[PDB]
Each structure stands twice: as structure tokens, then as C-alpha cells.
Amino acid sequence: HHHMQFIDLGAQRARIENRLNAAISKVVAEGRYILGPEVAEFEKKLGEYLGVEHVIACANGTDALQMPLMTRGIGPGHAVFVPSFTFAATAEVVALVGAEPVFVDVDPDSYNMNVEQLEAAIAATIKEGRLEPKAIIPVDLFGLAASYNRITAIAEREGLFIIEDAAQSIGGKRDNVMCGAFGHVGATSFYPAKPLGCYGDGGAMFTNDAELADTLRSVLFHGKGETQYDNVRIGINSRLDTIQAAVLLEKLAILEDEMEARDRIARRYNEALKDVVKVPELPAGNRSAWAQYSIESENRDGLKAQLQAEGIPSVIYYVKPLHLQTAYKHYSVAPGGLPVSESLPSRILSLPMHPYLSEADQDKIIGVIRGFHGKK
Amino acid sequence: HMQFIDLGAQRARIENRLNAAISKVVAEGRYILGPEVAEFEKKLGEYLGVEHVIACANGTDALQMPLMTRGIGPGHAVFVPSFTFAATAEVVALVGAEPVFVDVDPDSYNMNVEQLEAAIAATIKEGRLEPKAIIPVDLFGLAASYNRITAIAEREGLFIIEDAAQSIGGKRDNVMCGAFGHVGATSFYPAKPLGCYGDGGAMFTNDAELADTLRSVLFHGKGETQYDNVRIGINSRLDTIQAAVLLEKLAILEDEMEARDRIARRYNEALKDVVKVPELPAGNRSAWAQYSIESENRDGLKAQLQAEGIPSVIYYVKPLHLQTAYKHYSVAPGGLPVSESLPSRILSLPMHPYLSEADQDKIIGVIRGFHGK
Ligand SMILES: Cc1ncc(COP(=O)(O)O)c(C=O)c1O
Ligand SMILES: Cc1ncc(COP(=O)(O)O)c(C=O)c1O
Ligand SMILES: [Mg+2]
């Protein structure tokens with residue numbers, strides 16, 4: 001018997017099984033469970049991969065977005081511009097620090113923050129005069145880099161801080177700049193299903209600013225000052241475990257080949273499916289991390305059921321955009337509302353997508369989708 | 001070179017069990033909230049005699065989340081020790097409330113109960129902040145004075161979060177540390193009496209509603225469904241791999257607590273007359289996260305121990321109310337002279353369940369020698 005996985009961690013582990021065992025056993029034996037050598041080693045190796053001078057490992061990708069807001073003093077009285085079509089963390093951290101998220105729609109093709117509407121949202125916030133614009137958190141949704149040149153042009157006028165939410169986009173790139181290396185600071189997650197993932201919770205932050213890096217390293221260890229005995233700011237506890245850094249070192253050594261595989265797999269879906277469903281085209285000069293391979297379909301509920309009847313898993317990202325969820329629905333939304341974010345949940349679907357998807361399994365998936373849409 | 005807290009000797013004792021447990025998790029691939037997490041919540045719950053255990057990412061988060069559930073924030077006061085690890089006060093600041101620092105007893109090093117009453121009354125009398133909560137710490141594994149604190153909180157309508165970061169395994173009158181107050185919190189930082197091999201934590205309560213709300217907060221404020229968050233939360237989970245480690249640690253904890261009791265009593269009896277020793281009050285078992293004495297010329301003592309290959313550590317060098325980050329917050333009437341003088345004389349010695357008679361004798365010999373005996 002054979003079967004397919006949505007994101008196949010087992011196939012990946014099989015590839016590097018004994019290397020993972022050794023890396024884990026070394027940490028277990030050495031007894032340096034907190035900030036042991038593998039942590040700094042991973043920060044360095046990931047830094048060179050991404051071309052960023054500073055990598056600050058931490059506990060998870062939510063923490064990774066919160067800490068930069070804390071270092072900038074963002075909090076009560078302050079507005080942070082975020083997509084609604086994203087994972088809750090992007091907006092939640094803004095509320096957690098006492099600031100308000102302001103929700104911006106996404107582009108109907110890239111699923112990433114709409115730049116024109118961002119500009120309008122900032123202008124409306126200034127006109128209302130109740131909050132001060134402080135930051136923008138674009139998301140590289142599904143692995144595809146957001147439009148950082150136009151977003152930064154807006155930030156330049158307004159003095160705003162940009163945090164790249166690269167939770168889903170490690171391995172992605174746009175005109176030879178790696179995802180992670182945009183904005184003032186980048187953030188990611190090593191949640192196990194991400195393109196670069198560990199075997200527990202983990203995260204990191206990225207920046208070329210040495211001062212910002214020093215502040216982040218303070219914040220993640222209770223706001224430690226220049227000495228071991230005096231905390232100079234409010235912080236948190238947000239460390240990447242040595243044991244998870246050891247896992248990540250082995251994941252990182254195969255990430256680039258896996259990115260080639262993902263690109264190959266995505267292109268094969270796009271060429272085979274473009275006439276029956278809406279496919280995620282890769283714009284010139286981009287590589288996506290393909291955290292998800294997301295299509296839009298007529299009768300999407302019908303399609304998903306037929307895929308499951310044929311033993312094919314699929315997932316809807318996202319069922320409820322943030323601005324419609326109870327916790328965030330009272331926060332302000334950009335002028336014009338969020339029609340794209342509101343309508344995508346009725347038609348979007350993510351398909352199995354990982355480096356180990358076989359030709360045969362992909363063919364089967366293609367066949368079911370084409371068949372559903374009346375192709376013989 | 002002698003270990004301060006010997007995780008190596010502990011690991012050797014359960015080496016194969018740890019390896020099997022870790023192997024199992026690695027192969028199963030349920031790395032987030034895998035079965036070992038719930039298994040561990042159940043077993044720890046049985047050990048502590050609480051109805052609900054909510055595992056989480058670390059002992060700091062474990063203090064923060066209950067404050068969030070209570071809506072504690074701007075305009076509110078939470079009463080805490082200055083003589084403790086930063087997290088105890090930090091989380092109060094982090095939610096927007098203010099810590100109000102209370103001094104500690106010069107023998108137990110735990111929150112002074114009379115001065116807590118003074119502090120609550122004074123904050124009410126002042127009228128700038130509303131009293132919401134108290135976070136006593138079971139410092140070094142010794143339970144705080146919960147009968148008195150609980151009665152005060154009931155009278156004043158305040159919420160008690162027990163900071164049991166250092167006290168799992170400790171008991172007071174047949175009540176387990178972690179089971180006091182409205183909710184308890186702990187750390188599984190590797191050096192704690194119950195520790196994992198990374199960061200981890202947990203919260204404890206008998207209130208089913210609070211437990212459900214805490215399970216929501218630690219996963220971004222999840223509502224009754226998968227797709228609609230109803231409150232602001234965080235990401236605070238205990239990894240499956242660490243739960244697996246913790247199950248093995250828990251299975252030898254009671255024996256280790258007996259060993260720690262034996263080791264500390266032998267220290268107290270042999271050092272009684274040369275230094276101030278941490279006496280165990282009747283009806284208590286301490287978790288002995290640390291074994292803390294006070295000595296004349298403590299700096300000389302520490303250097304002498306170190307010259308003889310024996311590590312020791314000063315907990316704490318700078319009380320929180322003097323630290324830059326917290327120095328602007330209010331202090332209880334009378335000030336905190338105990339918290340301000342302890343750093344000149346306190347010192348913690350090697351303490352763990354595997355301390356050999358030979359190592360302990362050496363340590364004892366050096367301290368007694370230093371003081372002329
Ligand atoms: C876009 C985005 N941002 C932030 C996060 C939060 O990361 P973590 O899951 O490590 O808390 C996620 C989670 O995967 C995500 O998809
Ligand atoms: C008394 C006390 N409370 C809270 C904490 C925070 O726990 P964690 O280190 O798991 O963040 C510590 C850490 O040792 C502690 O000693
Ligand atoms: Mg962790």
C-alpha cells in the first residue's frame with residue numbers, strides 16, 4: 001500500500017535519519033541544553049544562507065514578531081499595519097504589546113498586502129489623529145515575497161518600521177535578496193511544517209542592524225543589560241533550544257536542494273492545472289518557499305471532498321480572515337474594506353506540497369482536479 | 001571539577017529510559033502537542049494532587065498567562081517579592097500592570113506577610129492603582145506562607161498565582177507546591193528540581209474554567225472552534241520531546257526529593273555553628289532548588305571554595321527593585337532592607353540528588369576551615 005502526505009516530515013527524516021539521530025544524541029550527551037554551541041552555529045550558518053549579518057534565534061515565530069515591536073517602544077497609542085489574510089500571530093502581537101492592528105487587504109493573485117490600500121490606511125489613520133502610525137508587518141504568504149520596494153517607499157515617507165513576517169518563506173527569494181532579509185528586521189518560525197522546520201517550537205529574527213540585534217538579544221533574555229545582574233528593559237524568555245538548533249543544522253544542509261524540488265513541483269502543478277483552476281504563478285525573478293501550494297477553484301468544497309474521496313488531503317488556508325475573528329473584529333480596517341480577504345475563503349485550497357511528492361502522486365492529484373472540472 | 005547541579009549523574013541513572021523516550025517521539029512525528037504532553041499533564045497532576053495541569057513553553061509564560069486571563073493590566077497592582085528571579089515582576093510589567101515590591105523574611109527568604117498587608121492597604125489608601133493580585137514565590141524550593149496569604153487575598157478580593165518555579169517536589173502540611181493559591185506556575189528549565197532538556201513550564205489549578213481559558217491563551221486565544229480566536233493569546237507549548245523527557249524525570253522525582261532532604265539536613269547539621277543555615281520548618285519538605293546559607297566575609301568564602309574547585313553562586317546579586325528595569329515601581333511601607341542586605345552575605349552551595357558523601361564532606365571541610373573550625 002502507498003499513500004500521500006500533505007507535508008511529509010517522515011520522508012524528510014528518512015533522508016537524513018542517522019544525521020538527525022547523531023545531532024540529537026550529541027546534544028543530549030553534552031548537557032548544554034540552553035544556548036549550547038549548536039545555537040550560535042545555526043545562527044551563523046543561517047545568516048550566510050540568507051545574507052544577513054545577524055541571526056537571533058528565539059522560541060517561536062510569534063515571539064519573533066513581538067520582540068521587534070518591543071525594542072521600538074511600540075505600544076499604547078500606536079498603529080501597526082498588517083494583513084487580515086494571514087495567521088493570527090501577525091496581528092495578535094500588535095494587540096499584545098498594547099498597540100492596535102490596522103487591517104489591509106491582500107492582492108487577489110499574490111495573496112500579499114495590497115500596497116495602494118496600505119498607503120490609504122496610513123493616511124486615514126493620520127487623518128483620524130487617534131493613533132500614531134509606527135510599523136508595517138507585511139507577510140510573505142505561502143512562501144512568496146511581498147512587494148517590499150513599494151512598501152518601503154511608503155515607509156520612507158512616513159518613518160515607519162518594517163517587520164518582514166517570513167514565517168512561511170525561508171528559502172524564498174526576490175531579485176536575489178533572500179526572504180528574511182527585507183525590512184528593518186525579519187521574523188520566522190521553525191514550526192515543524194514550515195519549509196525550514198524543527199521538531200518542536202522555534203523561531204528566529206534577522207537584521208543587518210547591530211544595535212537592533214543587541215537589543216533583541218537582550219529582550220529574549222528578560223531585558224538583560226551590559227552585566228549579568230541588571231536588567232535594563234522589560235523582556236521575555238524566548239530561546240531556541242540547543243536540541244532544536246541541532247535538528248535545524250541538519251535541515252538547513254538540505255534546504256537548498258529541497259527549494260529546487262519545491263520549485264520543480266510547483267511549476268509542474270501550475271502548467272498542468274492553469275486551465276481548470278487559478279494557479280499561483282511565480283513572478284519573474286522570484287523563488288517561493290512554497291510553504292503551501294494554493295489554488296482557487298469553482299465549487300471548492302466539492303473539489304476538496306472529491307480529493308479526500310481519492311485519498312488526497314488538502315487544507316483551506318484561511319477559513320476566517322483575522323478581521324472577522326472575534327478577538328480582532330473591533331480593530332480598524334483600511335478604507336474600502338477587505339473584499340479579497342473576505343471572498344478568498346470561499347474558493348481557495350492548498351494541495352499537497354513538499355520536496356518528496358512523487359511524480360505518480362502529483363499525477364494522481366492533477367488527474368482528480370482535472371476530472372472534477374470535466375476534463376476527460 | 002565538581003558540579004554545582006549535576007545533570008550528568010541524573011542522566012546516567014535513567015540513560016536508557018531517556019533514550020527510548022526521546023527515540024519514540026522522534027520517530028512518531030507528533031512534535032507539537034503529541035501524546036506525551038497530555039500524559040505528562042496527567043501524571044504531574046496526580047503527583048501534585050491538582051485537577052488540571054496546563055503544560056506550556058516556560059516558567060515566565062506560566063506567570064503571565066494567568067494575569068492575562070484575569071484581565072490584569074494598566075491601572076492595576078500585583079504584589080511580588082523583590083528578592084526573586086526577574087520573571088516574577090517582569091510579567092506584571094509586560095501586561096501593563098505595576099509590580100509592588102514586598103520584602104522577604106530574613107530566614108525563609110519568602111514574602112513577608114505582614115508587609116504584604118501594609119502594601120495592599122497603602123496602595124488602596126493612595127488610590128492610584130487597584131490591587132488585583134499577589135505572586136508569592138517558593139524561593140529555593142521552600143513554600144511561602146499560604147494560610148496567611150490566602151486569608152488576606154480572600155479578604156481583599158485578590159488573585160494568588162503561586163510562583164513554584166523552584167518548588168516542584170516541595171510540600172507544606174501535605175499540600176504539594178504548585179497546588180496553592182488560585183493557580184500555580186512552574187519552570188522546567190534544566191536546573192530546576194524537575195527539569196527538562198530545553199525550556200518548558202506548566203500551570204496548575206483546580207478551577208476547570210480557568211484551566212480551559214489558559215489552554216485557549218497558550219494557543220493564540222482559541223475559541224470553541226478551530227477557526228475563531230476569541231481573546232488575545234500567545235504561543236506557549238511544551239514540546240512533545242520535552243514532555244517525554246519530563247515523564248522520565250518525574251518517575252524518579254519523589255526518590256530525588258528524599259535524597260535532597262537527606263543531603264540538606266546533613267549540610268545544616270555540619271554547618272550550623274559556622275554559618276547561617278536554611279532550617280526546614282516542621283511540616284515542610286523543600287524542593288532545595290538551591291541550598292542557601294549566609295556567611296561573614298561571603299566574598300572570601302566564595303573565592304576560597306572556588307580555589308578548592310568547588311563552585312558556588314550568589315542568588316541574588318541585585319534585588320529587582322534596584323534593577324534599572326523595575327527601579328521606578330512602588331515599594332511596600334518601610335522599604336526592603338532584608339532584600340537589600342541579603343546580597344552581601346547569601347551564597348548557594350552545590351545541591352542536587354547525586355551529591356556524594358565525599359563531595360559534601362569536602363565542601364563542608366572548606367567552609368568550616370574558612371571559619372577556623
Ligand atoms: C505568517 C505567520 N506568521 C507567524 C506565525 C507564528 O509562528 P509560530 O507558529 O512559530 O508561533 C505563523 C505560524 O506558523 C505564520 O504562518
Ligand atoms: C522564581 C522563578 N520564577 C520564574 C522563573 C522563570 O522560569 P523560566 O526560566 O522557565 O522562564 C524562574 C526561572 O528560573 C524562577 O527562578
Ligand atoms: Mg520551546
Side-chain angles (χ1 to χ4, degrees), chain A residues 31 229, chain B residues 2-10 83-85 104-110 137-143 165-170 187 189-195 256-278 280-281 284-295 297-319 338 341-372:
Chain A
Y229 314 114
Chain B
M2 184 186 295
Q3 289 299 286
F4 187 74
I5 289 160
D6 195 346
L7 296 179
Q10 183 184 57
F83 204 70
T84 183
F85 185 74
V104 297
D105 188 83
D107 296 344
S108 66
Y109 315 132
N110 287 334
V137 176
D138 310 321
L139 197 65
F140 311 138
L142 184 58
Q166 293 181 25
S167 63
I168 303 302
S187 176
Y189 179 86
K192 301 303 186 198
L194 176 59
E256 284 182 341
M257 286 292 140
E258 295 187 357
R260 283 163 184 279
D261 185 76
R262 172 185 54 75
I263 294 156
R265 285 175 179 280
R266 196 170 179 258
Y267 263 143
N268 289 346
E269 289 302 303
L271 298 173
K272 216 150 58 196
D273 57 311
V274 291
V275 296
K276 178 170 186 303
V277 296
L280 261 182
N284 287 72
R285 186 177 77 188
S286 168
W288 295 107
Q290 303 293 337
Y291 181 84
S292 297
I293 64 180
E294 286 160 54
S295 171
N297 194 353
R298 189 277 323 285
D299 285 355
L301 179 50
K302 188 184 195 284
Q304 183 55 26
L305 289 163
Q306 195 174 320
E308 292 293 307
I310 295 161
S312 59
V313 187
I314 297 161
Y315 295 110
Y316 296 89
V317 170
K318 200 162 162 74
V338 185
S341 57
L342 279 175
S344 60
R345 46 179 216 270
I346 198 163
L347 183 67
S348 302
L349 300 179
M351 179 69 208
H352 53 89
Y354 309 96
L355 189 62
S356 73
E357 200 169 277
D359 282 347
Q360 197 175 32
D361 290 350
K362 188 180 167 176
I363 296 165
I364 284 163
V366 170
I367 295 168
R368 297 187 65 71
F370 182 77
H371 287 292

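Letters A, B, ... are given to chains in the order of the sequence lines, protein chains preceding strands, and every chain is numbered from 1.
- You'll find the side chain of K192(B) stays beyond 4.5 Å of the side chain of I168(B), heavy atoms only.
- Among all heavy-atom pairs drawn from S348(B) and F4(B), the shortest one is O-CE1, 3.4 Å.
- Classified by interplanar angle (parallel below 30°, tilted 30° to 60°, perpendicular above 60°), the ring pair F83(B)/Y316(B) is perpendicular.
- Among all heavy-atom pairs drawn from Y291(B) and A264(B), the shortest one is CE1-O, 3.8 Å.
- Note that CG of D359(B) is 7.0 Å distant from NE2 of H352(B), once rounded to the nearest 0.5 Å.
- For the residue pair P353(B) and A259(B), the shortest heavy atom distance occurs at O-CB, 3.7 Å.
- The line from CD of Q304(B) to CG of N297(B) is 10.5 Å long, rounded to the nearest 0.5 Å.
- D107(B) is not listed as a side-chain neighbour of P281(B), based on a closest heavy-atom distance of 4.5 Å or more.
- Interatomic distance, CD1 of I314(B) versus CD of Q290(B), reported as 12.5 Å (0.5 Å rounding).
- A distance of 3.5 Å separates CD in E256(B) from OH in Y354(B), rounded to the nearest 0.5 Å.
- Using a 4.5 Å heavy-atom threshold, the side chains of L349(B) and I367(B) count as touching.
- Contact check for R265(B) versus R262(B): no side-chain heavy atoms found under the 4.5 Å cut-off.
- Proximity of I310(B) to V366(B): side-chain heavy atoms (C-beta onward) are separated by under 4.5 Å at one or more points.
- Taken to the nearest 0.5 Å, the CG atom of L355(B) stands 5.0 Å off from the CD atom of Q360(B).
- A pairwise comparison of heavy atoms in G169(B) and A287(B) identifies C-CB, 4.4 Å as the closest pair.
- Contact check for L347(B) versus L305(B): side-chain heavy atoms found under the 4.5 Å cut-off.
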Please determine whether side-chain contact (heavy atoms from CB on, under 4.5 Å) holds for the pair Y267(B) and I363(B), giving the CA-CA distance in whole Å, both sets of side-chain angles, and the decisive distance to 0.1 Å. CA-CA 9 Å; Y267(B) 263 143; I363(B) 296 165; 3.3 Å; yes

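- Taking CD from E258(B) and CZ from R260(B), the interatomic distance works out to 13.0 Å, rounded to the nearest 0.5 Å.
- Put simply, the side chain of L142(B) does not reach to within 4.5 Å of the side chain of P278(B), judged on heavy atoms.
- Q166(B) approaches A289(B) most closely through the heavy-atom pair O-CB, 3.3 Å.
- One finds no salt bridge joining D361(B) and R368(B) here, because no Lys/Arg side-chain nitrogen approaches an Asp/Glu carboxylate oxygen to under 4.0 Å.
- Remark: side-chain polar atoms of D261(B) are not paired, donor with acceptor, to backbone N or O of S286(B) under 3.5 angstrom.
- A side-chain donor-acceptor contact under 3.5 Å links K362(B) to the backbone of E308(B).
- Between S295(B) and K302(B) the shortest side-chain heavy-atom distance does not fall below 4.5 Å.
- Panel note: side chain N284(B), backbone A143(B); no donor-acceptor pair is recorded below 3.5 Å.
- Between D138(B) and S167(B), the shortest heavy-atom distance links the atoms OD2-OG, 2.8 Å.
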Determine, stepwise, if the pair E294(B) / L342(B) fulfils side-chain contact (heavy atoms from CB on, under 4.5 Å). CA-CA 8 Å; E294(B) 286 160 54; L342(B) 279 175; 3.6 Å; yes

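- For the pair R345(B) (side chain) and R298(B) (backbone), a donor-acceptor distance under 3.5 Å is absent.
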